[PDB]
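Coordinate-derived values only; no laboratory data. Quick reminder, even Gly has a Cβ in these numbers, built from the backbone with ideal geometry, and neighbours come from all protein chains shown.
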Amino acid sequence: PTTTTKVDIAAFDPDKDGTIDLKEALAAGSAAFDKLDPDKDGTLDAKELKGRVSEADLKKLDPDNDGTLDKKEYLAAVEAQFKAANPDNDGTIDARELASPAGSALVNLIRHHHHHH
Ligand SMILES: [Y+3]
Ligand SMILES: [Y+3]
Ligand SMILES: [Y+3]
C-alpha cells in the first residue's frame, strides 16, 4: 500500500536492528510532513491535522508562534521531543519507547495521518 504505510516509527524501524537512532527519526519527520499534507505547503494546520490534534494542541507543537508547524518543524519538534519520548537514556528509541506506548508524545510530531485506506 506504500503512501498509507509510510506512517510511523514502523516505517523507519521495521528493521528493529535495536532502535531509531536520530537519523531514522529525521527520516520519519521527512516522510510524515509529505503524507500529512493535501493543501501542498508542508506547513501544518487545523485541516492538515484534521481530527489528529485540537487547534489548541496545534499551537503547542510550534516554536515561533505561527499557531502551526513547518517542513522545518515536523523535522525539528520531532528531534526536540526525541530524548523525552524515552523515559531514560541518551539518543535511541525502540518502538516500545515510541509507537503510542511509552513515547505517545513524539508520535504527534512523526505519525501524521493520510485521507484514505
Ligand atoms: Y533502526
Ligand atoms: Y497547510
Ligand atoms: Y512555525
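Conditions tested, residue by residue: (1) in a loop (DSSP other than H, G, I, E, B); (2) under 19 Å from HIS114 (Cβ atoms); (3) within 16 Å of ligand 1 (Cβ to nearest atom).
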residue	(1), (2), (3)
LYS23	no, no, yes
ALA28	no, yes, yes
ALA31	no, yes, yes
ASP34	no, yes, no
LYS40	yes, yes, no
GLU48	yes, yes, no
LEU58	no, yes, no
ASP66	yes, no, no
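Among the numbered conditions (1) within 11 Å of the chain's Cα centre (by Cα); (2) away from ligand 3 (no atom under 15 Å from the Cβ), tell me where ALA56 comes up short.
Condition (1) is where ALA56 drops out.
Would you confirm whether or not region 5-17 contains a residue that is surrounded by 13 or more Cβ atoms within 10 Å (Cβ to Cβ), away from ligand 1 (no atom under 16 Å from the Cβ) and free of Cβ contacts under 8 Å to residues at least 60 places away in the same chain?
Yes, region 5-17 contains at least one residue that is surrounded by 13 or more Cβ atoms within 10 Å (Cβ to Cβ), away from ligand 1 (no atom under 16 Å from the Cβ) and free of Cβ contacts under 8 Å to residues at least 60 places away in the same chain.
So that you can scan it fast, the table gives a plain yes or no per residue for (1) surrounded by 15 or more Cβ atoms within 10 Å (Cβ to Cβ); (2) farther than 12 Å from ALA25 by Cβ; (3) of a type in the set (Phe, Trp, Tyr):
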| position | (1), (2), (3) |
| --- | --- |
| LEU49 | yes, yes, no |
| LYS60 | no, yes, no |
| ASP64 | no, yes, no |
| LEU69 | yes, yes, no |
| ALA77 | yes, no, no |
| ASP90 | no, yes, no |
| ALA102 | yes, yes, no |
